[PDB]
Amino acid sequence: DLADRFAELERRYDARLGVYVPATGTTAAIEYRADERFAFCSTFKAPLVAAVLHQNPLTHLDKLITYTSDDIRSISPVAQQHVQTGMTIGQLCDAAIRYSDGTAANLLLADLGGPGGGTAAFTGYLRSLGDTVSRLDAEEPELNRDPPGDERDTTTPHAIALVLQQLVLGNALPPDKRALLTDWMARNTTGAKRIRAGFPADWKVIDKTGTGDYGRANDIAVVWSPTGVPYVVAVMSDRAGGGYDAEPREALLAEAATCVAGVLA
């Protein structure tokens, strides 16, 4: 009965929507286009910070990285502000999650090293976590604007929901590094009108958004019931039909989240 509401919304917004909420115990797993590929956009920055955390001792966050004006090829609300002072790996993590800093993402990719600017190294991480589907091919800003139907720079709601579940709810990171990943997502500044807006205020919400061309708008999140149960909520959308220049519609994602919330209550 919930796959009809989602469908009514797809036509309401001239958009395509994908949803996956992994199953807990006392509740069943919500899915809708759950295995249809959607473009990562900036949502990849959450496991990207998880990857960098994984591969290094905490003392590595204090390492200072330096960059030029030419490294700024995308919206960078923080990296634009320290071109000559540079920033430590730790701030790049802060920026990449809390401000969706495109440049910070691109440096953290580099910290991972390897071919393809670190993208292949990153897709390695997801595989390690059990994710046999996602793939990262470009850096910012290209990874937002692959053509519709192109499998490059894509994930599924099913697969991204489970990478998130392991990172914050599971054991992919040791607790000290996990709390860093969590607190960042919790102090995010970019998802106030998405899954955050579809849930009551006494539900805690930590999230990481993603936005790109072709009307793409995503929001992956972990939410906490007012009694303290956690649920993982992956919502994803595009409007590829209306062209590269199609505005995204955040309301669709907030409205989705409200259908989902009434189910988890």
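When you see a residue number, it is the position in the sequence shown, counting from 1.
- Relative to one another, 161-169 and 80-88 have unequal mean CA B-factors, and 80-88 is the one with the higher figure.
- As the entry records it, the average C-alpha temperature factor is higher for 110-118, out of 128-136 and 110-118.
- Remark: of 196, 208, 54, 216, 54 shows the highest value [criterion: C-alpha B-factor in the PDB entry].
- Highest CA B-factor among 61, 233, 48, 34, as stated in the entry: 61.
- Looking at the C-alpha B-factors along this chain, the one for residue 264 belongs to the middle third.
- Split the chain's modelled residues into thirds by C-alpha temperature factor. Residue 25 is in the highest one.
- Residue 245: CA B factor in the highest third of modelled residues in this chain (values from the PDB entry).
- Among the modelled residues of its chain, residue 38 has a C-alpha B-factor that falls in the lowest third, as given in the PDB entry.
- Residue 180: CA B factor lies in the highest third for its chain, per the PDB record.
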